[PDB]
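Reading through the structure tokens given below for one structure.
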Amino acid sequence: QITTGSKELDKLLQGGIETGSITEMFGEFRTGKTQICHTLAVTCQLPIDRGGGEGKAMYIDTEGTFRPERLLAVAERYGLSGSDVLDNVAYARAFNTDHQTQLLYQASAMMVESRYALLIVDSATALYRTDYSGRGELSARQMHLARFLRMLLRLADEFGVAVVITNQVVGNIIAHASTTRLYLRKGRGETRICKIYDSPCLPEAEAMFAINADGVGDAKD
Amino acid sequence: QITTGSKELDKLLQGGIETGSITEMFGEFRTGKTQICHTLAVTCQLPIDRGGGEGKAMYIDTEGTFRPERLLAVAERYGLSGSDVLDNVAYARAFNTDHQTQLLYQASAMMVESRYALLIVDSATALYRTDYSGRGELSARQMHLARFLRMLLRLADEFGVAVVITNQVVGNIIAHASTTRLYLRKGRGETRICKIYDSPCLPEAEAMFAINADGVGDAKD
Amino acid sequence: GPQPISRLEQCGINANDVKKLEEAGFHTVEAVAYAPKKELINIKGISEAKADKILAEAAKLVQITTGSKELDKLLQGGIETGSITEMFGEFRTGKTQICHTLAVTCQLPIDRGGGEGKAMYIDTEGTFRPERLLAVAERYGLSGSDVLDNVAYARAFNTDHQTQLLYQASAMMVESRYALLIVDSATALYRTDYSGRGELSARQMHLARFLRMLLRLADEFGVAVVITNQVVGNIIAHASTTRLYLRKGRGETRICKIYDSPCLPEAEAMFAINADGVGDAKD
């Protein structure tokens with residue numbers, strides 16, 4: 001279980017993300033999805049006794065929001081070398097859905113040589129809306145997403161890594177792929193509310209957390 | 001005969017599922033189909049004198065409700081090694097009907113190298129409803145389902161394993177193919193009513209059981 | 001009596017159209033004759049000219065014990081043979097159990113409340129259990145094997161197959177004396193097969209024709225026609241002579257009510273479902 005770095009969120013998840021499964025966080029823009037991704041990109045490298053996976057991180061960005069400086073802040077938070085964190089995080093921006101799926105072919109071969117623990121796909125559904133904007137092409141983007149999800153699940157079962165994809169809620173296909181769905185909503189200022197909206201094992205429940213310069217971290221009124 | 005782990009249910013089945021035949025359990029959502037599947041996935045590995053088949057398990061999931069931790073709970077219930085149970089259960093999620101049937105080709109070759117005793121297909125009919133949703137395409141999903149069932153029967157007769165498929169009731173072709181039809185309905189709280197609705201050999205009869213953290217297990221008022 | 005439709009072919013209807021009428025379920029010249037044009041026109045492969053030739057040439061030629069004493073008293077002695085008796089009730093009320101009991105009691109001597117005739121069980125729901133027939137046979141001291149030998153069974157896979165079995169039933173019922181025809185979940189296949197809303201008139205037409213065939217067979221062979229309806233149709237009301245409403249009393253004891261009969265009173269009787277039998281309630 002990879003620690004979220006919010007204790008309340010860890011309790012909500014019973015200790016953190018299950019590696020080897022897809023966890024979906026759906027919420028409005030600016031809710032902190034990207035911040036949570038950046039935090040996990042470093043916490044995954046933490047020792048297992050500290051709530052990490054002791055593995056490298058993979059950030060596939062589709063929205064431009066990738067910030068190595070946020071990774072440095074999280075690394076200094078947990079007392080990890082920021083330079084080694086950036087050296088253990090391979091980054092690439094997907095320009096389209098086809099490029100988004102094509103990066104998985106390189107990911108599968110690259111993930112064999114080194115131990116990784118986290119794969120991040122940020123605005124995973126945005127490219128299926130910007131690229132495929134017509135109505136007759138909806139089935140095509142659904143097929144491409146289905147294939148993308150199958151490759152993700154295969155890599156997850158193959159390498160035992162955590163698969164994190166982000167969805168903006170301004171599809172039913174994601175339901176089957178994600179194991180745990182988390183709903184994020186804004187509390188004013190920088191403090192965010194997290195809710196569990198489906199889990200066969202985890203209760204429906206809520207936890208309050210904040211977004212701090214160092215971290216994604218518990219709410220401190 | 002693979003023990004259900006509910007004594008009353010074992011009596012209902014005259015000792016448990018017949019291996020080498022398809023047993024269908026149709027019921028509403030949340031009736032416990034998935035829980036029974038998870039329980040059987042472990043009980044199959046139990047000794048034959050304990051109601052098992054002394055074989056490995058195969059879980060083909062279509063609904064996302066698969067929890068290895070539930071398998072661990074069932075294993076600790078019967079005093080089986082949870083880690084060895086997970087090592088003796090090969091699992092794969094079918095995203096659609098074509099992938100669901102395609103997994104049987106890998107299953108037939110893989111089932112030759114190791115002894116298996118149970119094949120589970122959970123929400124087996126759900127993908128035929130989500131994929132084929134139109135009315136003109138009904139014959140296509142019926143043909144695909146027919147071929148899938150024939151492959152299941154062939155594999156059952158070939159390897160002598162138990163074939164378990166789950167059906168959500170929100171086809172008449174399955175009637176001839178399934179040997180034992182079980183109707184599941186909710187009793188309030190966590191206690192479920194089971195009824196036998198066709199068997200040429202087993203009586204039409206009912207048994208009350210409960211869903212417990214460890215197990216699918218007899219009702220204990 | 002009947003005027004089997006074979007004679008219609010000698011009037012000069014071609015034999016293929018007579019075969020289409022038999023497939024549709026019309027087996028007598030009486031059957032084709034007293035129906036309007038639209039019934040024959042709706043049959044596949046029949047034009048208006050063939051229907052007019054058929055109607056024109058056709059006009060030229062043309063108590064079984066329930067085994068519950070209280071229920072027998074409710075019915076004044078048992079089912080009238082030669083008529084349709086409908087028992088509508090909730091699921092698990094014992095409709096199938098009553099069917100299994102009657103399937104054996106029909107073979108009982110008339111002095112014992114039987115019809116001294118063989119039974120016909122058409123199942124659509126899988127609930128057919130020969131062991132229940134064996135239990136009823138041993139209850140009345142009848143050979144269970146001979147009971148099963150005097151009960152012909154067939155599972156209908158669809159509505160068309162449900163009606164198609166009547167074609168074999170009519171010809172088979174001529175060689176041997178039968179007394180009871182059972183159709184269990186008779187309306188279930190009209191709900192599972194015809195599930196859409198635009199196809200409702202089609203299932204209603206098929207059901208109407210099926211019911212007319214039931215009445216025709218009842219008047220032809222003087223046998224009892226028993227059909228079961230699950231109430232989770234008003235057309236059966238005019239066709240059925242006696243409507244029985246079944247409801248559950250808790251445990252295994254069931255309440256029976258008569259909900260229409262021009263001759264039988266509206267009244268109620270309590271009965272139970274016992275391993276041997278459908279049999280009177282014994283608190």
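Ligands are numbered from 1 in the order shown, residues from 1 within each chain, and chains are lettered A, B, ... in the order they appear in the structure tokens.
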
- Item | Expected answer as a list in words: chain B residues within 9 Å of chain C, only C-alpha atoms |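 The answer, sorted by residue number, is residues 171, 172, 173, 175, 197, 198, 199, 200, 203 and 204 of chain B.
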
- Task: Restrict the distance test to only C-alpha atoms, flag each residue of chain B within 8 Å of chain A, and return the flagged residues as a count of residues only.
- Result: 6

- If you count only C-alpha atoms, which residues fall within 12 Å of residue 83 of chain B, apart from same-chain ones fewer than 2 positions away, as a count of residues only? 17

- Got a sec: who's within 6 Å of segment 211-225 of chain C, counting only C-alpha atoms, leaving out chain neighbours fewer than 2 positions off, as a ChimeraX atom specification? /C:2,81-84,179-181,208-209

- List the neighbours of segment 103-109 of chain A out to 9 Å using only C-alpha atoms; skip same-chain residues closer than 2 positions along the sequence, and give me the result as a list in words. residues 58, 60, 92, 94, 98, 99, 100, 101, 111, 112, 113, 148, 151, 152 and 155 of chain A

Output of the above residues as a short mmCIF file (atom, residue, chain, number, x, y, z; two decimals), in the first residue's frame, restricted to C-alpha atoms:
```cif
data_model
loop_
_atom_site.label_atom_id
_atom_site.label_comp_id
_atom_site.auth_asym_id
_atom_site.auth_seq_id
_atom_site.Cartn_x
_atom_site.Cartn_y
_atom_site.Cartn_z
CA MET A 58 6.37 6.81 -14.07
CA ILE A 60 2.81 10.13 -18.37
CA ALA A 92 6.92 11.97 -21.22
CA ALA A 94 1.48 12.33 -24.64
CA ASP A 98 -2.50 7.17 -30.22
CA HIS A 99 0.70 8.57 -28.73
CA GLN A 100 -0.74 7.89 -25.27
CA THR A 101 -1.16 4.21 -26.09
CA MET A 111 9.66 -1.59 -16.88
CA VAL A 112 11.36 -5.00 -17.23
CA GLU A 113 14.92 -3.74 -16.68
CA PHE A 148 -5.20 1.22 -23.40
CA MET A 151 -2.44 -2.84 -21.64
CA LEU A 152 -2.50 -1.07 -18.27
CA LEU A 155 1.37 -4.33 -17.08
#
```

- Task: Would you return as a ChimeraX atom specification the members of segment 55-170 of chain C that DSSP assigns to strand (DSSP E or B) on this structure's backbone?
- Result: /C:64,79,84-89,118-123,151-155

Selection export as a JSON list (two decimals), in the first residue's frame, atoms kept: N, CA and C atoms:
```json
[["chain", "number", "residue", "atom", "x", "y", "z"],
["C", 64, "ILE", "N", -62.27, -34.43, -12.06],
["C", 64, "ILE", "CA", -60.98, -34.94, -11.61],
["C", 64, "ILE", "C", -60.73, -34.43, -10.19],
["C", 79, "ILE", "N", -62.53, -30.57, -11.07],
["C", 79, "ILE", "CA", -62.50, -29.91, -12.37],
["C", 79, "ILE", "C", -63.54, -30.53, -13.30],
["C", 84, "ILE", "N", -61.63, -25.24, -19.72],
["C", 84, "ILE", "CA", -60.38, -24.69, -19.19],
["C", 84, "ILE", "C", -60.62, -24.12, -17.80],
["C", 85, "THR", "N", -59.79, -24.53, -16.85],
["C", 85, "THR", "CA", -59.81, -24.01, -15.48],
["C", 85, "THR", "C", -58.48, -23.33, -15.22],
["C", 86, "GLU", "N", -58.51, -22.03, -14.94],
["C", 86, "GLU", "CA", -57.28, -21.27, -14.72],
["C", 86, "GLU", "C", -57.06, -21.05, -13.23],
["C", 87, "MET", "N", -55.84, -21.32, -12.77],
["C", 87, "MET", "CA", -55.42, -21.04, -11.40],
["C", 87, "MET", "C", -54.29, -20.00, -11.47],
["C", 88, "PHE", "N", -54.64, -18.78, -11.12],
["C", 88, "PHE", "CA", -53.74, -17.64, -11.05],
["C", 88, "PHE", "C", -53.38, -17.35, -9.59],
["C", 89, "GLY", "N", -52.09, -17.22, -9.33],
["C", 89, "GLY", "CA", -51.64, -16.94, -7.98],
["C", 89, "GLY", "C", -50.19, -16.54, -8.01],
["C", 118, "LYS", "N", -55.26, -40.92, -19.35],
["C", 118, "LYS", "CA", -53.85, -40.58, -19.23],
["C", 118, "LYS", "C", -53.67, -39.07, -19.11],
["C", 119, "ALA", "N", -52.47, -38.66, -18.70],
["C", 119, "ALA", "CA", -52.15, -37.26, -18.46],
["C", 119, "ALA", "C", -51.11, -36.74, -19.45],
["C", 120, "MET", "N", -51.18, -35.43, -19.69],
["C", 120, "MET", "CA", -50.26, -34.72, -20.58],
["C", 120, "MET", "C", -49.69, -33.52, -19.85],
["C", 121, "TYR", "N", -48.37, -33.50, -19.69],
["C", 121, "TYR", "CA", -47.69, -32.42, -18.97],
["C", 121, "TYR", "C", -46.80, -31.70, -19.97],
["C", 122, "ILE", "N", -47.13, -30.45, -20.27],
["C", 122, "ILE", "CA", -46.31, -29.58, -21.11],
["C", 122, "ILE", "C", -45.66, -28.57, -20.18],
["C", 123, "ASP", "N", -44.34, -28.65, -20.02],
["C", 123, "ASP", "CA", -43.63, -27.80, -19.09],
["C", 123, "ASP", "C", -42.85, -26.72, -19.84],
["C", 151, "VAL", "N", -48.15, -40.55, -18.47],
["C", 151, "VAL", "CA", -47.91, -39.11, -18.48],
["C", 151, "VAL", "C", -46.85, -38.85, -19.53],
["C", 152, "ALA", "N", -47.22, -38.11, -20.57],
["C", 152, "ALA", "CA", -46.29, -37.73, -21.61],
["C", 152, "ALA", "C", -45.82, -36.31, -21.32],
["C", 153, "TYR", "N", -44.51, -36.11, -21.37],
["C", 153, "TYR", "CA", -43.89, -34.87, -20.93],
["C", 153, "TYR", "C", -43.04, -34.29, -22.04],
["C", 154, "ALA", "N", -43.06, -32.97, -22.14],
["C", 154, "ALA", "CA", -42.25, -32.26, -23.13],
["C", 154, "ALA", "C", -42.08, -30.82, -22.68],
["C", 155, "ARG", "N", -40.86, -30.31, -22.82],
["C", 155, "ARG", "CA", -40.53, -28.96, -22.39],
["C", 155, "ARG", "C", -40.59, -28.04, -23.61]]
```

- Message: Which residues are near residue 221 of chain B? Cut-off 10 Å, only C-alpha atoms, ignore same chain within fewer than 4 positions. Put them as a list in words.
- Response: residues 191, 209 and 210 of chain B

Can I get the selected residues back with N, CA, C and O atoms, as a CSV table (one decimal), in the first residue's frame?
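What ended up in out.csv:
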```csv
chain,number,residue,atom,x,y,z
B,191,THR,N,-27.9,-12.1,5.2
B,191,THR,CA,-28.3,-13.5,5.1
B,191,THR,C,-29.1,-13.7,3.9
B,191,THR,O,-30.1,-13.0,3.6
B,209,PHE,N,-28.5,-19.3,4.0
B,209,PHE,CA,-27.0,-19.2,4.3
B,209,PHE,C,-26.7,-17.8,4.5
B,209,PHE,O,-27.5,-16.9,4.3
B,210,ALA,N,-25.5,-17.5,5.0
B,210,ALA,CA,-25.0,-16.2,5.3
B,210,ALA,C,-23.7,-15.9,4.6
B,210,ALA,O,-22.9,-16.9,4.2
```

- Message: If we count only C-alpha atoms and set the cut-off at 9 Å, which residues sit around residue 13 of chain B, ignoring sequence neighbours fewer than 3 positions away in its own chain? Please answer as a list in words.
- Response: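 What passes the distance filter is residues 4, 8, 9, 10, 16, 17, 18, 180, 196, 202 and 203 of chain B.
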
Could those selected residues go to a file with N, CA, C and O atoms, as an mmCIF file, in the first residue's frame?
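Everything below was put into out.cif:
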```
data_model
loop_
_atom_site.group_PDB
_atom_site.id
_atom_site.type_symbol
_atom_site.label_atom_id
_atom_site.label_comp_id
_atom_site.auth_asym_id
_atom_site.auth_seq_id
_atom_site.Cartn_x
_atom_site.Cartn_y
_atom_site.Cartn_z
ATOM 1 N N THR B 4 -19.399 -26.101 -0.995
ATOM 2 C CA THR B 4 -19.734 -24.684 -0.969
ATOM 3 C C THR B 4 -19.242 -24.015 0.305
ATOM 4 O O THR B 4 -19.164 -22.783 0.358
ATOM 5 N N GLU B 8 -25.600 -26.270 4.917
ATOM 6 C CA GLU B 8 -26.957 -26.313 4.381
ATOM 7 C C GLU B 8 -26.938 -26.283 2.857
ATOM 8 O O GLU B 8 -27.735 -26.966 2.205
ATOM 9 N N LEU B 9 -26.032 -25.495 2.272
ATOM 10 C CA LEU B 9 -25.919 -25.454 0.818
ATOM 11 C C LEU B 9 -25.358 -26.766 0.281
ATOM 12 O O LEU B 9 -25.781 -27.238 -0.782
ATOM 13 N N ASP B 10 -24.388 -27.355 0.987
ATOM 14 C CA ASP B 10 -23.875 -28.664 0.591
ATOM 15 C C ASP B 10 -24.993 -29.699 0.569
ATOM 16 O O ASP B 10 -25.091 -30.503 -0.365
ATOM 17 N N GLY B 16 -22.310 -30.797 -2.845
ATOM 18 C CA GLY B 16 -21.574 -29.751 -3.520
ATOM 19 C C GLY B 16 -21.683 -29.850 -5.024
ATOM 20 O O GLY B 16 -22.296 -30.760 -5.579
ATOM 21 N N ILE B 17 -21.075 -28.861 -5.689
ATOM 22 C CA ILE B 17 -21.094 -28.795 -7.144
ATOM 23 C C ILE B 17 -20.503 -30.071 -7.726
ATOM 24 O O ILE B 17 -19.445 -30.540 -7.293
ATOM 25 N N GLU B 18 -21.159 -30.616 -8.745
ATOM 26 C CA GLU B 18 -20.528 -31.635 -9.573
ATOM 27 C C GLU B 18 -19.471 -31.001 -10.468
ATOM 28 O O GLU B 18 -19.784 -30.139 -11.297
ATOM 29 N N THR B 180 -27.388 -27.367 -13.227
ATOM 30 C CA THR B 180 -28.032 -27.035 -11.962
ATOM 31 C C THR B 180 -28.241 -25.531 -11.906
ATOM 32 O O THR B 180 -27.270 -24.767 -11.973
ATOM 33 N N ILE B 196 -33.231 -24.071 -5.476
ATOM 34 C CA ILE B 196 -32.899 -24.830 -6.679
ATOM 35 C C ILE B 196 -34.101 -24.765 -7.611
ATOM 36 O O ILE B 196 -35.217 -25.129 -7.221
ATOM 37 N N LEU B 202 -31.154 -33.181 -8.944
ATOM 38 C CA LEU B 202 -31.309 -32.643 -7.598
ATOM 39 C C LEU B 202 -32.735 -32.132 -7.402
ATOM 40 O O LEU B 202 -33.317 -31.552 -8.325
ATOM 41 N N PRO B 203 -33.324 -32.341 -6.224
ATOM 42 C CA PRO B 203 -34.649 -31.771 -5.956
ATOM 43 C C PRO B 203 -34.657 -30.255 -6.069
ATOM 44 O O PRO B 203 -33.652 -29.581 -5.832
#
```
